[PDB]
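One chain comes next, on its own, written out as C-alpha cells in the form deposited in one PDB entry.
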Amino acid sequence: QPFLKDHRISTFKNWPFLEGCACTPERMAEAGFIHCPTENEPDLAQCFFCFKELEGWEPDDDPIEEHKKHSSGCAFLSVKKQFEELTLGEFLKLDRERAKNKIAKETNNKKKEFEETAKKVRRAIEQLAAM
C-alpha cells in the first residue's frame, strides 16, 4: 500500500512546497516520503521504508538527495526498477527489510527515551554523591 507512489502522494494534501520547488509532493512521494505534520513541525515527512524523519525542508531541497544524505543505508533508495516491475520475491525481501527497519526505528526510540531518563537519574544521584 505505502509501496504505491500514489498512496504516498495523497498524504501531501496540505504540504507547503508546491509547483516551483524541488521537494514537490511528487518528487517527495517518489523518494519514499510521506507527510506527517505535527502541530510544531508541519513539514515533517517520513520515509515509508526506513522511517527516518526529516523536517525544516527548503524550496530547493531534493527529496532524494536529502534521503541518501541522512539515511544512506535505505534499501528503497537502491530500488532502480518501477514498482510493478519487481518480482514477487523481490517484493517479499523488500517487505521483510521494511519490517526490520520498523523494529530498528522503534528500538532507537526506546533507547533514546531511556537515555533521556537515565541522564536525569544519574544527575540526581551525583547531587547525593556530593552531600
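Rigid core: the largest C-alpha set superposing within 1.5 Å between the two forms. Throughout, we count residues from 1 along the sequence that is shown. Only residues modelled in both forms are compared.
Once the C-alpha B-factors are averaged per stretch, 97-105 and 81-89 rank with 97-105 first. Between 7-15 and 118-126, it is 7-15 that carries the larger average Cα temperature factor according to the deposited entry. Across the residues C47, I64, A75, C36, the deposited record lists the maximum Cα B factor for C36.
Beyond the structure shown, there is the form deposited in another entry, which is absent from this document and is the topic of what follows.
Core-aligned CA deviation for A118 between this form and the one not shown: 2 Å or greater. Relative to the superposed core, just one shifted segment between this form and the one not shown, defined as three or more consecutive residues with every Cα moved by 2 Å or more, spans 115-131.
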